[PDB]
Amino acid sequence: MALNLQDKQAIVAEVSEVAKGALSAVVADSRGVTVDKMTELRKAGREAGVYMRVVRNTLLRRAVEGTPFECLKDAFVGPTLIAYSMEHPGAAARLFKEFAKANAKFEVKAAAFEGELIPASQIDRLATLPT
Amino acid sequence: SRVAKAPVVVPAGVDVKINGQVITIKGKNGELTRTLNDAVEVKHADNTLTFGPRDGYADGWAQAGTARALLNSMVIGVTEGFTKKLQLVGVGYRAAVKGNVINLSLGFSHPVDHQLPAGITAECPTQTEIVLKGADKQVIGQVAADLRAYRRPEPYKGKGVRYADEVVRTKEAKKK
Amino acid sequence: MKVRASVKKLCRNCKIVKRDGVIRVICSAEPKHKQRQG
Amino acid sequence: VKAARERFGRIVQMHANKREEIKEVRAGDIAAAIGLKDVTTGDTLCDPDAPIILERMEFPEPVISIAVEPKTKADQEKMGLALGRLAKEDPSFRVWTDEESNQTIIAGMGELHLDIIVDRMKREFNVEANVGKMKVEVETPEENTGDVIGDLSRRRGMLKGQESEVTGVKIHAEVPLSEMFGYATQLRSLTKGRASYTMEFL
Amino acid sequence: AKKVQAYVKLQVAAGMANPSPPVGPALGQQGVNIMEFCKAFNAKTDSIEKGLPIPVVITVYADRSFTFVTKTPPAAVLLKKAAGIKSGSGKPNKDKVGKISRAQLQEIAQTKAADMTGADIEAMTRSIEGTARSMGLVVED
RNA sequence: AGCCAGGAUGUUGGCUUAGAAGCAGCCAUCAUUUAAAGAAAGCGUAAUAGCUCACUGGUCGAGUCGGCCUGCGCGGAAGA
């Protein structure tokens with residue numbers, strides 16, 4: 001039912017969940033196994049949260065129309081499917097960790113663990129904050 | 001129609017010679033000539049080829065699409081050539097080649113020799129492999145089929161000549 | 001084949017082709033689905 | 001084995017068909033005794049004191065039963081003696097005129113086996129005779145299950161156990177007795193001559 | 001070297017580990033013998049289903065041994081022995097199809113959320129709730 | 001249209017509790033687990049594997065899909 005009106009609506013209905021929470025994820029379509037990717041998206045839903053939308057309506061034009069209002073670099077979605085997995089208690093939580101650790105094993109591929117960084121800042125990951 | 005509404009990307013390194021409706025190409029490998037149908041119009045336009053409906057004919061686009069496909073096949077023939085692989089399931093089915101006349105040993109009762117047409121290089125990498133190469137899709141396919149028709153595969157074991165990709169529909173004889 | 005005076009698609013992989021005017025059913029799944037004349 | 005007395009007159013040891021009479025045989029020899037009117041196959045000949053039994057008490061079960069009738073209704077004595085002698089020779093080949101009606105029925109182990117029996121009857125004990133007319137359990141390779149069951153369902157055959165062992169598959173089937181008539185040969189061509197069965201009156 | 005690649009569903013109720021004798025080992029494709037027939041199921045087949053349905057996987061891997069992180073107490077046994085009424089599908093539209101209640105749901109939620117889990121512990125709980133409710137009849141407790 | 005692939009591990013179903021097998025009988029039973037889970041698609045259907053009901057994401061640049069009415073045609077259509 002990914003029609004034009006449902007797209008015009010779910011573009012914002014999927015921009016909102018990643019624009020109020022943390023970064024989301026994306027998972028390609030290469031090879032999901034009877035155990036690996038099935039039970040892995042299972043444990044994804046289990047630990048990550050019961051709000052993540054592992055579905056993918058991530059057309060390049062639908063993205064540029066809906067999501068690009070904030071963090072306008074979403075229309076490069078020529079790449080494969082998206083398993084959108086946000087995070088509740090702050091940014092880069094267990095969902096982001098699982099996606100980034102699944103891009104290399106325990107799944108087909110996680111499309112470089114796309115993520116959504118509102119800053120698009122200089123070249124440094126979020127690791128310069130010890131105590 | 002859709003295929004006819006598309007340009008043939010004729011690379012640099014092959015000679016294109018269109019005249020009237022008779023077409024001629026000269027690539028690295030061979031030389032290919034064929035007169036298109038009267039209802040087809042051709043033009044080069046800077047390192048490509050076009051095919052459209054020459055006026056006054058109903059299936060102008062149909063003939064143009066056929067001609068586009070033929071000219072692409074000729075271009076890729078003279079560019080990289082074609083290559084048909086054939087296999088021989090069946091006891092003692094040799095495909096010895098001498099000159100350019102394959103000596104098929106399918107053991108009917110008698111020798112069968114297949115005179116190839118001009119433009120087919122028929123080597124036999126193994127005892128039960130044929131590799132017909134050359135620069136014309138249609139004649140290579142037609143000679144490969146004239147071969148395979150000697151012993152079309154059977155349904156019960158698959159005995160006979162087959163294309164390298166041909167999936168045979170093997171079936172069970174009967175209860176007994 | 002079958003020379004039924006009414007050829008129909010007996011399976012899903014049957015196709016209706018009209019070689020030589022004669023309307024034929026050719027099926028690349030089951031060879032018993034090969035019919036001749038519409 | 002029989003607990004009786006046998007005696008010797010001619011001892012012959014020679015090629016397949018020829019017979020070279022000798023005087024005595026020692027241990028490790030193979031010869032043919034004569035007039036031995038009592039010992040059946042697998043029974044032990046020995047001096048009055050030697051082994052009561054020497055193993056070998058098992059041979060297969062016939063698998064094919066057919067009836068038979070000579071050209072003239074009254075040569076059935078000739079035929080019965082022929083098929084008592086041939087049955088003595090082949091312990092895997094029975095004969096019993098089943099007293100259901102009267103019919104003299106012949107149980108061998110194969111179609112060609114029974115052909116051999118009938119032509120030996122016509123040639124040696126010359127009587128030209130024309131042949132005529134439960135919970136089954138079958139083993140077979142686990143590739144011919146589909147056809148053997150298609151064959152069993154082709155016959156009025158209901159089944160009992162869908163159990164597969166390890167070197168094959170054990171099929172159990174309830175089929176008529178007036179039926180199957182050649183189930184061994186049908187099965188052998190069907191199973192690549194690699195199956196056994198049994199049909200003993202459920 | 002993987003999990004069950006030999007999916008052949010022929011195993012009678014869990015009183016005996018994958019009972020071949022009964023249904024008949026038509027799934028005779030099993031390479032299992034008296035070496036792998038008493039290794040792990042014989043020693044960890046007590047606290048899941050003792051005389052109830054707990055379907056066994058067909059896992060035979062190429063570590064030259066048989067071992068894996070086995071599933072939880074099966075909901076198939078949980079909702080058929082936590083019921084009293086051992087019925088289910090087949091006679092679900094005529095009479096009692098077995099018992100299923102919120103108490104059985106809480107039981108299965110706190111029990112089978114160890115290894116037979118899904119998109120949540122509570123989500124596999126809803127799994128057991130479905131395996132208990134879709135029986136065709138439940139006691140609305 | 002053409003292309004990069006994903007369907008259970010409560011689930012021999014709780015099942016006619018002899019399963020008649022993550023796709024025989026069978027009732028029905030999304031069964032969260034979703035770019036997906038039907039307890040039923042052609043393969044083995046009584047059963048794996050490797051192509052896979054269904055479904056979609058990824059590609060890709062202008063039309064596509066089925067019906068209904070209608071004209072004129074096509075097969076049906078073989079004899080001395």
# chains A, B, ... in the order shown; residues from 1 in each chain; ligands from 1
call {"tool": "select_by_dssp", "arguments": {"residues": "range 37-78 of chain B", "states": "strand (DSSP E or B)", "output": "ChimeraX atom specification"}}
result
/B:40-43,49-53
call {"tool": "write_last_selection", "arguments": {"atoms": "C-alpha atoms", "output": "compact mmCIF listing (two decimals), in the first residue's frame"}}
result
# COMPACT_ATOMS: atom_id res chain seq x y z
CA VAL B 40 13.54 0.91 -41.30
CA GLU B 41 15.52 4.17 -41.35
CA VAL B 42 19.12 4.36 -40.12
CA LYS B 43 21.61 7.14 -39.37
CA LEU B 49 23.02 4.24 -34.60
CA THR B 50 19.31 5.01 -34.84
CA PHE B 51 16.35 2.98 -36.05
CA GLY B 52 12.94 4.49 -36.65
CA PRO B 53 9.82 4.07 -38.73
call {"tool": "interface_residues", "arguments": {"of": "chain C", "to": "chain B", "cutoff": "12 Å", "atoms": "only C-alpha atoms", "output": "ChimeraX atom specification"}}
result
/C:28-31
call {"tool": "atom_distance", "arguments": {"atom1": "CA of residue 66 in chain A", "atom2": "CA of residue 9 in chain A"}}
result
8.4 Å
call {"tool": "closest_atom_pairs", "arguments": {"of": "chain A", "to": "chain F", "cutoff": "12 Å", "atoms": "only C-alpha atoms (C1' of nucleotides)", "output": "tab-separated table"}}
result
residue	atom	partner	partner_atom	distance
A:1	CA	F:56	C1'	9.9
A:2	CA	F:56	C1'	9.6
A:26	CA	F:35	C1'	10.2
A:27	CA	F:35	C1'	8.7
A:28	CA	F:58	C1'	7.7
A:29	CA	F:5	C1'	5.0
A:30	CA	F:5	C1'	5.0
A:31	CA	F:6	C1'	6.3
A:32	CA	F:6	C1'	5.7
A:33	CA	F:6	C1'	8.5
A:34	CA	F:8	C1'	7.4
A:35	CA	F:9	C1'	6.6
A:36	CA	F:9	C1'	10.1
A:37	CA	F:6	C1'	9.1
A:38	CA	F:33	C1'	7.2
A:39	CA	F:33	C1'	6.9
A:40	CA	F:33	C1'	9.0
A:41	CA	F:33	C1'	7.1
A:42	CA	F:33	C1'	4.6
A:43	CA	F:33	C1'	8.1
A:44	CA	F:33	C1'	9.2
A:45	CA	F:33	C1'	7.6
A:46	CA	F:33	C1'	8.7
A:50	CA	F:32	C1'	9.8
A:52	CA	F:34	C1'	11.4
A:53	CA	F:34	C1'	9.2
A:54	CA	F:34	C1'	7.6
A:55	CA	F:35	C1'	6.1
A:56	CA	F:35	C1'	5.7
A:57	CA	F:57	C1'	7.3
A:58	CA	F:57	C1'	8.2
A:59	CA	F:57	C1'	9.1
A:60	CA	F:58	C1'	10.9
A:77	CA	F:58	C1'	9.2
A:78	CA	F:58	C1'	7.4
A:79	CA	F:58	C1'	6.4
A:80	CA	F:58	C1'	4.3
A:81	CA	F:57	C1'	4.9
A:82	CA	F:35	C1'	7.2
A:83	CA	F:35	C1'	8.0
A:84	CA	F:35	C1'	11.0
A:107	CA	F:6	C1'	11.5
A:108	CA	F:6	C1'	9.7
A:109	CA	F:5	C1'	12.0
A:111	CA	F:58	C1'	11.6
call {"tool": "closest_atom_pairs", "arguments": {"of": "chain D", "to": "chain E", "cutoff": "8 Å", "atoms": "only C-alpha atoms", "output": "Markdown table"}}
result
| residue | atom | partner | partner_atom | distance |
| --- | --- | --- | --- | --- |
| D:161 | CA | E:24 | CA | 6.6 |
| D:162 | CA | E:24 | CA | 5.3 |
| D:163 | CA | E:24 | CA | 3.6 |
| D:164 | CA | E:26 | CA | 4.4 |
| D:165 | CA | E:28 | CA | 6.2 |
| D:166 | CA | E:28 | CA | 6.3 |
| D:169 | CA | E:26 | CA | 7.4 |
call {"tool": "residues_around", "arguments": {"residues": "residue 63 in chain B", "least_positions_apart": "3", "cutoff": "7 Å", "atoms": "only C-alpha atoms (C1' of nucleotides)", "output": "ChimeraX atom specification"}}
result
/B:37,39-40,59-60,66-67
call {"tool": "write_last_selection", "arguments": {"atoms": "N, CA and C atoms", "output": "compact mmCIF listing (two decimals), in the first residue's frame"}}
result
# COMPACT_ATOMS: atom_id res chain seq x y z
N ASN B 37 14.85 -4.39 -43.32
CA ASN B 37 13.58 -4.30 -44.00
C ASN B 37 13.40 -2.90 -44.57
N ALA B 39 11.08 -0.90 -44.22
CA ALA B 39 10.40 0.01 -43.31
C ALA B 39 11.28 0.50 -42.17
N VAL B 40 12.61 0.52 -42.35
CA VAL B 40 13.54 0.91 -41.30
C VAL B 40 14.44 2.02 -41.82
N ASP B 59 3.94 -1.30 -39.33
CA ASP B 59 4.84 -1.82 -38.30
C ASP B 59 6.24 -1.24 -38.46
N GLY B 60 6.30 0.08 -38.63
CA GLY B 60 7.59 0.74 -38.71
C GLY B 60 8.39 0.54 -37.45
N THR B 66 13.31 -4.78 -34.42
CA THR B 66 14.02 -5.95 -34.94
C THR B 66 15.38 -5.56 -35.49
N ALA B 67 15.44 -4.46 -36.25
CA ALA B 67 16.71 -4.04 -36.83
C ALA B 67 17.68 -3.55 -35.76
call {"tool": "closest_atom_pairs", "arguments": {"of": "chain E", "to": "chain A", "cutoff": "12 Å", "atoms": "only C-alpha atoms", "output": "JSON lines"}}
result
{"residue": "E:2", "atom": "CA", "partner": "A:35", "partner_atom": "CA", "distance": 9.5}
{"residue": "E:3", "atom": "CA", "partner": "A:35", "partner_atom": "CA", "distance": 7.9}
{"residue": "E:4", "atom": "CA", "partner": "A:34", "partner_atom": "CA", "distance": 9.3}
{"residue": "E:5", "atom": "CA", "partner": "A:34", "partner_atom": "CA", "distance": 9.6}
{"residue": "E:7", "atom": "CA", "partner": "A:34", "partner_atom": "CA", "distance": 11.5}
{"residue": "E:59", "atom": "CA", "partner": "A:35", "partner_atom": "CA", "distance": 11.9}
{"residue": "E:113", "atom": "CA", "partner": "A:46", "partner_atom": "CA", "distance": 10.9}
{"residue": "E:114", "atom": "CA", "partner": "A:43", "partner_atom": "CA", "distance": 11.9}
{"residue": "E:115", "atom": "CA", "partner": "A:39", "partner_atom": "CA", "distance": 10.5}
{"residue": "E:116", "atom": "CA", "partner": "A:39", "partner_atom": "CA", "distance": 9.7}
{"residue": "E:117", "atom": "CA", "partner": "A:42", "partner_atom": "CA", "distance": 7.6}
{"residue": "E:118", "atom": "CA", "partner": "A:42", "partner_atom": "CA", "distance": 4.6}
{"residue": "E:119", "atom": "CA", "partner": "A:45", "partner_atom": "CA", "distance": 4.1}
{"residue": "E:120", "atom": "CA", "partner": "A:46", "partner_atom": "CA", "distance": 3.7}
{"residue": "E:121", "atom": "CA", "partner": "A:46", "partner_atom": "CA", "distance": 6.7}
{"residue": "E:122", "atom": "CA", "partner": "A:46", "partner_atom": "CA", "distance": 8.5}
{"residue": "E:123", "atom": "CA", "partner": "A:46", "partner_atom": "CA", "distance": 7.8}
{"residue": "E:124", "atom": "CA", "partner": "A:46", "partner_atom": "CA", "distance": 9.5}
{"residue": "E:125", "atom": "CA", "partner": "A:46", "partner_atom": "CA", "distance": 11.7}
call {"tool": "write_last_selection", "arguments": {"atoms": "N, CA, C and O atoms", "output": "mmCIF file, in the first residue's frame"}}
result
data_model
loop_
_atom_site.group_PDB
_atom_site.id
_atom_site.type_symbol
_atom_site.label_atom_id
_atom_site.label_comp_id
_atom_site.auth_asym_id
_atom_site.auth_seq_id
_atom_site.Cartn_x
_atom_site.Cartn_y
_atom_site.Cartn_z
ATOM 1 N N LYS E 2 25.998 -25.823 11.033
ATOM 2 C CA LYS E 2 24.958 -24.834 11.268
ATOM 3 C C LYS E 2 23.867 -25.431 12.157
ATOM 4 O O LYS E 2 24.000 -26.534 12.691
ATOM 5 N N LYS E 3 22.774 -24.684 12.307
ATOM 6 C CA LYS E 3 21.602 -25.188 13.007
ATOM 7 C C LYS E 3 20.858 -26.131 12.070
ATOM 8 O O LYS E 3 21.415 -26.562 11.054
ATOM 9 N N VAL E 4 19.607 -26.456 12.390
ATOM 10 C CA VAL E 4 18.917 -27.541 11.709
ATOM 11 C C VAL E 4 18.824 -27.252 10.220
ATOM 12 O O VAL E 4 18.088 -26.358 9.787
ATOM 13 N N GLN E 5 19.576 -28.016 9.428
ATOM 14 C CA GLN E 5 19.443 -28.053 7.978
ATOM 15 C C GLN E 5 18.741 -29.318 7.520
ATOM 16 O O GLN E 5 18.587 -29.539 6.315
ATOM 17 N N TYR E 7 15.509 -30.421 8.304
ATOM 18 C CA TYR E 7 14.152 -30.263 8.819
ATOM 19 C C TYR E 7 13.303 -31.426 8.323
ATOM 20 O O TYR E 7 12.932 -31.495 7.150
ATOM 21 N N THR E 59 18.641 -30.204 14.514
ATOM 22 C CA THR E 59 19.996 -29.669 14.447
ATOM 23 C C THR E 59 21.026 -30.795 14.503
ATOM 24 O O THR E 59 21.139 -31.494 15.515
ATOM 25 N N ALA E 113 10.659 -17.114 28.092
ATOM 26 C CA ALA E 113 11.309 -15.908 27.598
ATOM 27 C C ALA E 113 12.829 -15.998 27.673
ATOM 28 O O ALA E 113 13.505 -14.963 27.683
ATOM 29 N N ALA E 114 13.374 -17.212 27.740
ATOM 30 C CA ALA E 114 14.817 -17.402 27.867
ATOM 31 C C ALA E 114 15.499 -17.481 26.503
ATOM 32 O O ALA E 114 16.373 -16.666 26.190
ATOM 33 N N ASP E 115 15.107 -18.452 25.685
ATOM 34 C CA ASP E 115 15.746 -18.698 24.401
ATOM 35 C C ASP E 115 14.787 -18.683 23.222
ATOM 36 O O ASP E 115 15.195 -18.303 22.120
ATOM 37 N N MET E 116 13.531 -19.091 23.414
ATOM 38 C CA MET E 116 12.505 -18.968 22.380
ATOM 39 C C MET E 116 11.883 -17.577 22.497
ATOM 40 O O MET E 116 10.744 -17.396 22.932
ATOM 41 N N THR E 117 12.665 -16.580 22.106
ATOM 42 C CA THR E 117 12.273 -15.181 22.175
ATOM 43 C C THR E 117 12.154 -14.590 20.775
ATOM 44 O O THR E 117 12.692 -15.118 19.796
ATOM 45 N N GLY E 118 11.447 -13.466 20.693
ATOM 46 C CA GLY E 118 11.259 -12.774 19.432
ATOM 47 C C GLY E 118 11.641 -11.310 19.499
ATOM 48 O O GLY E 118 12.735 -10.973 19.962
ATOM 49 N N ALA E 119 10.750 -10.430 19.042
ATOM 50 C CA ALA E 119 10.994 -8.994 19.119
ATOM 51 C C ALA E 119 10.771 -8.433 20.518
ATOM 52 O O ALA E 119 10.666 -7.208 20.664
ATOM 53 N N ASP E 120 10.656 -9.294 21.526
ATOM 54 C CA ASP E 120 10.707 -8.935 22.939
ATOM 55 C C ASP E 120 10.521 -10.217 23.738
ATOM 56 O O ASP E 120 10.027 -11.224 23.223
ATOM 57 N N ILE E 121 10.918 -10.166 25.010
ATOM 58 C CA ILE E 121 10.468 -11.186 25.949
ATOM 59 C C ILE E 121 8.947 -11.179 26.023
ATOM 60 O O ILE E 121 8.299 -12.228 25.948
ATOM 61 N N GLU E 122 8.355 -9.987 26.128
ATOM 62 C CA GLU E 122 6.903 -9.871 26.074
ATOM 63 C C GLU E 122 6.359 -10.246 24.701
ATOM 64 O O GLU E 122 5.201 -10.656 24.582
ATOM 65 N N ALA E 123 7.176 -10.139 23.653
ATOM 66 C CA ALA E 123 6.685 -10.491 22.328
ATOM 67 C C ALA E 123 6.630 -12.006 22.139
ATOM 68 O O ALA E 123 5.667 -12.535 21.577
ATOM 69 N N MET E 124 7.646 -12.728 22.618
ATOM 70 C CA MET E 124 7.529 -14.182 22.676
ATOM 71 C C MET E 124 6.460 -14.602 23.674
ATOM 72 O O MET E 124 5.866 -15.678 23.540
ATOM 73 N N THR E 125 6.197 -13.766 24.679
ATOM 74 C CA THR E 125 5.052 -13.999 25.547
ATOM 75 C C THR E 125 3.755 -13.954 24.755
ATOM 76 O O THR E 125 2.890 -14.818 24.920
#
call {"tool": "atom_distance", "arguments": {"atom1": "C1' of residue 39 in chain F", "atom2": "CA of residue 55 in chain E"}}
result
13.8 Å
call {"tool": "residues_around", "arguments": {"residues": "residue 23 in chain D", "least_positions_apart": "6", "cutoff": "12 Å", "atoms": "only C-alpha atoms (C1' of nucleotides)", "output": "PyMOL selection string"}}
result
chain D and resi 8-13+31-33
call {"tool": "interface_residues", "arguments": {"of": "chain B", "to": "chain D", "cutoff": "12 Å", "atoms": "only C-alpha atoms", "output": "PyMOL selection string"}}
result
chain B and resi 172-176
call {"tool": "write_last_selection", "arguments": {"atoms": "N, CA and C atoms", "output": "short mmCIF file (atom, residue, chain, number, x, y, z; two decimals), in the first residue's frame"}}
result
data_model
loop_
_atom_site.label_atom_id
_atom_site.label_comp_id
_atom_site.auth_asym_id
_atom_site.auth_seq_id
_atom_site.Cartn_x
_atom_site.Cartn_y
_atom_site.Cartn_z
N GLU B 172 10.78 -39.89 -14.69
CA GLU B 172 10.79 -41.30 -14.34
C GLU B 172 10.08 -42.12 -15.40
N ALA B 173 10.66 -43.27 -15.72
CA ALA B 173 10.11 -44.15 -16.75
C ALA B 173 8.67 -44.54 -16.46
N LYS B 174 8.46 -45.31 -15.41
CA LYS B 174 7.14 -45.76 -14.98
C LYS B 174 7.30 -46.40 -13.61
N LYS B 175 6.20 -46.97 -13.11
CA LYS B 175 6.27 -47.66 -11.80
C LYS B 175 7.40 -48.67 -11.92
N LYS B 176 7.41 -49.43 -13.02
CA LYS B 176 8.49 -50.43 -13.24
C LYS B 176 9.50 -49.85 -14.24
#
call {"tool": "residues_around", "arguments": {"residues": "residue 15 in chain A", "least_positions_apart": "6", "cutoff": "12 Å", "atoms": "only C-alpha atoms (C1' of nucleotides)", "output": "list in words"}}
result
residues 7, 8, 9, 21, 22, 23, 24, 53, 57, 58, 62, 63, 64, 65, 66, 67, 68, 69, 70, 71, 72, 74, 84, 86 and 116 of chain A
call {"tool": "write_last_selection", "arguments": {"atoms": "C-alpha atoms", "output": "PDB file, in the first residue's frame"}}
result
ATOM      1  CA  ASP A   7       3.984   8.048   0.806  1.00  0.00           C
ATOM      2  CA  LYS A   8       3.235  11.757   1.237  1.00  0.00           C
ATOM      3  CA  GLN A   9       2.054  10.878   4.761  1.00  0.00           C
ATOM      4  CA  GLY A  21      14.687  10.260  19.000  1.00  0.00           C
ATOM      5  CA  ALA A  22      18.200   9.077  18.187  1.00  0.00           C
ATOM      6  CA  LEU A  23      19.851   7.956  14.959  1.00  0.00           C
ATOM      7  CA  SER A  24      18.142   5.221  12.930  1.00  0.00           C
ATOM      8  CA  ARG A  53      10.317   0.667  12.173  1.00  0.00           C
ATOM      9  CA  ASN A  57       9.874   3.081   2.407  1.00  0.00           C
ATOM     10  CA  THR A  58      13.132   4.889   1.690  1.00  0.00           C
ATOM     11  CA  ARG A  62      10.139  10.279  -0.978  1.00  0.00           C
ATOM     12  CA  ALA A  63      13.151  10.810   1.290  1.00  0.00           C
ATOM     13  CA  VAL A  64      14.073  14.165  -0.276  1.00  0.00           C
ATOM     14  CA  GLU A  65      10.438  15.217   0.047  1.00  0.00           C
ATOM     15  CA  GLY A  66       9.717  14.145   3.621  1.00  0.00           C
ATOM     16  CA  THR A  67      12.879  13.594   5.654  1.00  0.00           C
ATOM     17  CA  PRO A  68      15.118  16.282   4.108  1.00  0.00           C
ATOM     18  CA  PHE A  69      13.293  19.127   5.892  1.00  0.00           C
ATOM     19  CA  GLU A  70      15.716  18.438   8.761  1.00  0.00           C
ATOM     20  CA  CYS A  71      19.094  16.842   7.967  1.00  0.00           C
ATOM     21  CA  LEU A  72      18.553  17.224   4.187  1.00  0.00           C
ATOM     22  CA  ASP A  74      18.585  11.700   3.082  1.00  0.00           C
ATOM     23  CA  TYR A  84      15.089   1.864  10.793  1.00  0.00           C
ATOM     24  CA  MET A  86      16.239   4.411  16.630  1.00  0.00           C
ATOM     25  CA  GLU A 116      21.548  10.157  11.310  1.00  0.00           C
TER      26      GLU A 116
END
